[PDB]
Amino acid sequence: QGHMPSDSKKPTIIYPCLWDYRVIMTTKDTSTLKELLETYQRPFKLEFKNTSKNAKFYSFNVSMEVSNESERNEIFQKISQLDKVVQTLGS
């Protein structure tokens, strides 16, 4: 009953659009990450940003077209199913 104010309102996101995911894995052998993307049969950008000072953590950059919010979430969930990943950033 009742409703919250319009403050802290989540902004309108225009789908479809390229969404950016940050994937930190402890391997340079990125297969599963691209595999989960390729199943959508859509193109995607695979980038390497930087690696920790011990070369232990590899920061990967993924950017793909999401047609809706459900994809945006499910894909992010697949990113955590790699196991190689130590930290997923789904901002």
# chains A, B, ... in the order shown; residues from 1 in each chain; ligands from 1
>>> select_by_dssp(residues="chain A", states="helix (DSSP H, G or I)", output="PyMOL selection string")
chain A and resi 32-38+69-79
>>> write_last_selection(atoms="N, CA and C atoms", output="CSV table (one decimal), in the first residue's frame")
chain,number,residue,atom,x,y,z
A,32,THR,N,35.4,-19.9,-22.1
A,32,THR,CA,34.1,-19.9,-21.6
A,32,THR,C,33.4,-18.5,-21.7
A,33,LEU,N,34.2,-17.5,-21.4
A,33,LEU,CA,33.7,-16.1,-21.4
A,33,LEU,C,33.2,-15.8,-22.8
A,34,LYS,N,33.9,-16.1,-23.8
A,34,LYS,CA,33.5,-15.8,-25.2
A,34,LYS,C,32.5,-16.8,-25.7
A,35,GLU,N,32.6,-18.0,-25.2
A,35,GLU,CA,31.6,-19.1,-25.6
A,35,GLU,C,30.2,-18.7,-25.2
A,36,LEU,N,30.0,-18.2,-24.0
A,36,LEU,CA,28.7,-17.9,-23.5
A,36,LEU,C,28.1,-16.7,-24.3
A,37,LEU,N,29.0,-15.9,-24.8
A,37,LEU,CA,28.6,-14.7,-25.6
A,37,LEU,C,28.2,-15.2,-27.0
A,38,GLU,N,29.0,-16.1,-27.6
A,38,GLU,CA,28.9,-16.6,-29.0
A,38,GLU,C,27.6,-17.3,-29.2
A,69,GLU,N,16.7,-6.1,-20.7
A,69,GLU,CA,17.3,-6.1,-19.4
A,69,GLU,C,17.6,-7.6,-18.9
A,70,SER,N,16.8,-8.5,-19.3
A,70,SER,CA,16.9,-9.9,-18.9
A,70,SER,C,18.2,-10.5,-19.4
A,71,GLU,N,18.5,-10.2,-20.7
A,71,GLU,CA,19.8,-10.6,-21.3
A,71,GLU,C,21.0,-10.0,-20.5
A,72,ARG,N,20.8,-8.7,-20.2
A,72,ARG,CA,21.9,-8.0,-19.5
A,72,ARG,C,22.2,-8.6,-18.1
A,73,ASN,N,21.2,-9.3,-17.5
A,73,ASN,CA,21.4,-9.9,-16.2
A,73,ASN,C,21.9,-11.4,-16.4
A,74,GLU,N,21.3,-12.1,-17.3
A,74,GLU,CA,21.6,-13.5,-17.5
A,74,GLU,C,23.0,-13.7,-18.0
A,75,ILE,N,23.5,-12.8,-18.9
A,75,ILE,CA,24.8,-12.8,-19.4
A,75,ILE,C,25.8,-12.6,-18.2
A,76,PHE,N,25.5,-11.6,-17.4
A,76,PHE,CA,26.3,-11.3,-16.2
A,76,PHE,C,26.4,-12.5,-15.3
A,77,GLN,N,25.3,-13.3,-15.2
A,77,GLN,CA,25.3,-14.5,-14.4
A,77,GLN,C,26.2,-15.6,-15.0
A,78,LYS,N,26.2,-15.7,-16.3
A,78,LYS,CA,27.1,-16.6,-17.0
A,78,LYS,C,28.5,-16.2,-16.8
A,79,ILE,N,28.8,-14.9,-16.7
A,79,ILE,CA,30.2,-14.4,-16.5
A,79,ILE,C,30.7,-14.9,-15.1
>>> residues_around(residues="residue A:18", least_positions_apart="6", cutoff="8 Å", atoms="only C-alpha atoms", output="PyMOL selection string")
chain A and resi 63-66
>>> atom_distance(atom1="atom CA of residue A:57", atom2="atom CA of residue A:30")
12.7 Å
>>> closest_residue(among="A:46, A:62, A:24, A:4", to="residue A:84", atoms="only C-alpha atoms")
A:24
>>> atom_distance(atom1="atom CA of residue A:90", atom2="atom CA of residue A:11")
16.3 Å
>>> atom_distance(atom1="atom CA of residue A:86", atom2="atom CA of residue A:25")
5.7 Å
>>> select_by_dssp(residues="chain A", states="strand (DSSP E)", output="PyMOL selection string")
chain A and resi 17-25+44-51+58-66+85-89
>>> residues_around(residues="residue A:89", least_positions_apart="2", cutoff="7 Å", atoms="only C-alpha atoms", output="number ranges by chain")
A: 21-23, 87, 91
>>> write_last_selection(atoms="C-alpha atoms", output="tab-separated table (two decimals), in the first residue's frame")
chain	number	residue	atom	x	y	z
A	21	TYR	CA	30.93	-5.78	-18.48
A	22	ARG	CA	34.18	-5.94	-16.47
A	23	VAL	CA	35.48	-9.50	-16.06
A	87	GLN	CA	35.40	-10.52	-9.45
A	91	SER	CA	27.49	-1.88	-13.17
